[PDB]
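**Q**
There are 2 protein chains.
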Amino acid sequence: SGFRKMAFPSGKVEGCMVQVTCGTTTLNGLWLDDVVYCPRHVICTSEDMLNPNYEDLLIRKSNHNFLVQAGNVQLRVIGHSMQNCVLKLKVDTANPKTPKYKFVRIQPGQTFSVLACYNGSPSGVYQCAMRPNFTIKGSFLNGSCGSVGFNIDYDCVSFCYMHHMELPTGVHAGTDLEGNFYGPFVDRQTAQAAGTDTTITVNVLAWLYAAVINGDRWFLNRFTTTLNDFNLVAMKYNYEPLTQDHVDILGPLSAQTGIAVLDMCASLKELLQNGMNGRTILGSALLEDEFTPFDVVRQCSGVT
Amino acid sequence: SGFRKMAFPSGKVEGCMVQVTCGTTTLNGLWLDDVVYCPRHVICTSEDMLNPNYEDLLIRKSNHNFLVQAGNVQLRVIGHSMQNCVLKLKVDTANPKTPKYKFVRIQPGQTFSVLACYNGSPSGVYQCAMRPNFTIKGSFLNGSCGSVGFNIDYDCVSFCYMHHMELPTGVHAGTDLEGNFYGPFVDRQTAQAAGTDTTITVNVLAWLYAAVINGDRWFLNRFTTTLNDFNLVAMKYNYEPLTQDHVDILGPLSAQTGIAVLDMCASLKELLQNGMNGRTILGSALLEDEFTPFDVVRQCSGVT
Ligand SMILES: O=C(Cc1cc(Cl)cc2ccoc12)Nc1cncc2ccccc12
Ligand SMILES: O=C(Cc1cc(Cl)cc2ccoc12)Nc1cncc2ccccc12
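Respectively, the protein sequence lines represent chains R and E.
The first sequence begins at 3264 in the UniProt record's numbering and counts up by one.
The second sequence begins at 3264 in the UniProt record's numbering and counts up by one.
1. Drop a sphere of 10 angstroms on the beta-carbon of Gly3538 (chain R), count the other beta-carbons inside from all chains shown, and report buried for 16 or more, exposed for fewer.
2. Which chain R residues sit within Cβ distance under 7 Å of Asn3382 (chain E)?
3. For the candidate residues R:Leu3549, R:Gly3278, R:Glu3429, whose alpha-carbon lies nearest to that of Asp3450 (chain R)?
4. Using only alpha-carbon positions, find the residue among E:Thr3356, E:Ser3264, E:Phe3493 that is nearest to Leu3534 (chain E).
5. Helix, strand or coil for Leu3516 (chain R) per DSSP?
6. Cα-Cα, which of R:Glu3310, R:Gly3278, R:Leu3330, R:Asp3296 is closest to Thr3289 (chain R)?
7. At a cut-off of 7 Å, is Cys3528 (chain R) close to ligand 1 when judged by its beta-carbon and the heavy atoms of the ligand?
8. For ligand 2, is there any heavy atom lying closer than 7 Å to the beta carbon of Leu3404 (chain E)?
9. Roughly how many angstroms lie between the CA atoms of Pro3431 (chain E) and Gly3565 (chain R), to the nearest whole one?
10. I'd like to confirm something about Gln3452 (chain R): is its beta-carbon nearer than 7 Å to some heavy atom of ligand 1, or not?
11. Alpha carbon to alpha carbon, how far is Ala3270 (chain E) from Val3560 (chain E)?
12. Is the beta carbon of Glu3553 (chain E) less than 8 Å from the beta carbon of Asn3466 (chain E)?
13. Counting beta carbon pairs with one atom in the stretch 3405–3421 of chain E and one in the stretch 3361–3372 of chain E, are three or more of them shorter than 8 Å?
14. Unbroken beta strand (DSSP E) runs of length 3 or more, entirely within the stretch 3384–3431 of chain E: which are they?
15. Unbroken beta strand (DSSP E) runs of length 3 or more, entirely within the stretch 3282–3360 of chain R: which are they?
16. Would the beta-carbon of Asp3297 (chain R) fall within 8 Å of that of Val3354 (chain R)?
17. Closer than 8 Å by C-beta to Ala3357 (chain E): which residues in its own chain qualify, once you throw out the five before and the five after it? Chain order, please.
18. I need the DSSP call for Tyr3472 (chain R), collapsed to helix, strand or coil.
19. Which residue's Cα is closest to the Cα of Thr3462 (chain R): R:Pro3504, R:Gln3519, R:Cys3279?
20. Taking the continuous alpha helix (DSSP H) assigned at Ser3530 (chain R), which residues delimit it?
21. By Cβ distance below 8 Å, which residues in the same chain neighbour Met3498 (chain E) in space, the five residues on each side in sequence not counted?
22. Take every Cβ of the stretch 3524–3531 of chain R, pair it with every Cβ of the stretch 3481–3496 of chain R, and state whether three or more of those distances are shorter than 8 Å.
23. Would you give the residue range spanned by the beta strand (DSSP E) that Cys3380 (chain R) belongs to?
24. My assumption, with CB atoms under 8 Å, is that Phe3403 (chain E) sits in contact with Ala3436 (chain E). Please give the rounded CB distance.
25. Give the residues of chain R in contact with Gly3274 (chain E), contact being defined as C-beta atoms less than 9 Å apart.
26. Quick check: what's the CA-CA separation for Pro3395 (chain E) versus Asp3439 (chain E)?
27. Identify each residue in the stretch 3431–3460 of chain R for which the Cβ-Cβ distance to at least one residue of chain E is less than 7 Å, and report them in chain order.
28. Going by DSSP, name the residue or residues bridged to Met3280 (chain E).
29. Note down, in chain order, all residues in the stretch 3537–3567 of chain E with a beta-carbon under 9 Å from any beta-carbon belonging to chain R.
30. Could you check if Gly3372 (chain R) is buried or exposed, using at least 16 other CB atoms within 10 Å of its CB as the buried criterion?
31. Measure the Cβ-Cβ separation of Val3276 (chain E) and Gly3292 (chain E) and say whether it is below 8 Å.
32. Beta-carbon separation of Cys3391 (chain R) and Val3377 (chain R) under 8 Å?
33. So, is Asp3319 (chain E) buried or exposed, given that buried needs 16 or more other C-beta atoms within 10 angstroms?
34. Kindly list, in the order they appear in chain E, the residues whose Cβ is closer than 7 Å to that of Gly3372 (chain R).
35. What does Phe3422 (chain R) touch in chain E if you count any residue whose Cβ is under 7 Å from its own?
36. For a test of the three-state rule: what should DSSP assign to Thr3489 (chain R), helix, strand or coil?
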């Protein structure tokens, strides 16, 4: 029992973190096989970030200008290339600690763990989600760029995020490991305001199921609803529309608790309309939306 | 910017997790040097847990009855001893992955990361705190026993907790690495009700400072208070008394924000009396108490 914002064990990813320095800028790189991935803005100065021409700035750099350090030992850079917003630095040594891995591009609503790093050294691990506005609410300081987001399935690390920047609103933006930004963000110092940060409905429902499994049942009511009726309420409260695909994804949790998905929707509808009344659910006074149905089942089943 | 419930990177601890089986019971062990630490209840059956006599039950076990497996390889047990509520299994091989380590006994209000494990395999990492009633609000299932709590200072892991049991209230109890339980709990299936789970005042204040540092300042008011006046309010709300030692510990955060500790106390006093009014602080609708002043400074400074 108990339900926590749980991150994946970070060891496999710690073994991949390196320091990348170009000129006066130092950030983190991800070393997999004989390639080090890092944000392409490592080649920029502060004056460059206003309107950088990355192809032109990159022409002035050679392999020897990218200093890659793994622990206290230097890596030899034998090639460099830009793929979208990331640089791929080919080194002469394969990372001996390379885990089995994949590069995945996640959808909004999906969760992942972040290993926050500075100077190629891990500082902490936390769980977050790709928001519906394609930002992440992380915890990153200057130097955290190149820190990565990932999921683990037994022994395979699926990297899904690399940290690039913080928006003026304190929210974060980055790319997948092919260097494509999530959402409309660009790696430049410009006006980039985030869109509506809607609540991930299917995740709230999953977390309501996690609460029932852990004994918090006060919010269960005598009502039911329809997908269309629930969605009118969800629209009003800036919640993502619930689809039949989401209802299907909630099937195992519905089966475990014996609570029909639409009955849980009616409980959620009442919580939206009436509030919490000073009560809590799983130690929270707000409806948590950064646990997917898969995360709930995993945490509640002890998958290693 | 951003503030998350951040755990320490778990890699150093993952390299210490092993599986310990005795009879029909399988739980986790912590392998440091040539010793494997595990809860002594690994020697019990379900009928034993009602009123176990651990010395007597242990007499029936020999080194060969403790099956210790690190990954897929078996460890040879060459000695066994009981220290308080833990067993120390001497193996013939030093753990090659033993990090620099200490065994510490933490005080209530102190935070640590937990590496939840099953069958010697890590499933996740989360941050929690030693509650003032000596319980922890973890996330543990059957088989999680022997999972550990720790802090890291650069390269030294200070182990502070080993999971032993869940109370009927869904809260958790365990020992330090010398096998002494935190609080009054015992490793037996008996009536053990937890005391008042008071709120860790100094941690709430630290988290209010973290909110100011991250731009959430709506709760800042025009008031001040005294330690004695604040403590009358804290008493009413089941908050721990604030001492001059806590005020001193909050000095760096007070210096960083320019907000006197007693002024932050007055803001906290108003939040206790008036509530949040449907507003949030650092994405929370309740006052968070599982970040110490040290955790706030660390997260806000990027210590690796
Ligand atoms: O934002 C950056 C660096 C950066 C990257 C890019 Cl792609 C564009 C721009 C425009 C200005 O700075 C840019 N990095 C940081 C990441 N996360 C948190 C930060 C907290 C404080 C300071 C910097 C943080
Ligand atoms: O509680 C135990 C095992 C155990 C240990 C001790 Cl010292 C005393 C007793 C009395 C009955 O069982 C005992 N372990 C578990 C740990 N954490 C979470 C659990 C979730 C479900 C099931 C068991 C959980």
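Cβ atoms here follow ideal geometry from the backbone N, Cα and C, with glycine treated the same way.
**A** According to the structure data:
1. exposed
2. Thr3567
3. R:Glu3429
4. E:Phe3493
5. helix
6. R:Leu3330
7. no
8. yes
9. 20 Å
10. yes
11. 14 Å
12. yes
13. yes
14. 3384–3392, 3411–3416, 3419–3429
15. 3288–3295, 3298–3302, 3329–3333, 3336–3338, 3340–3346, 3349–3354
16. yes
17. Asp3296, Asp3297
18. helix
19. R:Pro3504
20. 3524–3537
21. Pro3504
22. yes
23. 3374–3381
24. At roughly 10 Å, the Cβ-Cβ gap does not stay under 8 Å, so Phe3403 (chain E) and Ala3436 (chain E) are not in contact.
25. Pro3272, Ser3273, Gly3274, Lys3275, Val3276, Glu3277, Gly3278, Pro3385
26. 16 Å
27. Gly3433, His3435
28. E:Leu3293
29. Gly3538, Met3539, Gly3541, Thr3543, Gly3546, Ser3547, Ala3548, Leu3549, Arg3561, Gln3562, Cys3563, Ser3564, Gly3565, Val3566, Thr3567
30. buried
31. no
32. yes
33. exposed
34. Those do not exist, as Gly3372 (chain R) stays about 17 Å from chain E at its closest Cβ, beyond 7 Å.
35. By Cβ distance, chain E contributes nothing, its closest Cβ being about 16 Å from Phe3422 (chain R), past 7 Å.
36. coil
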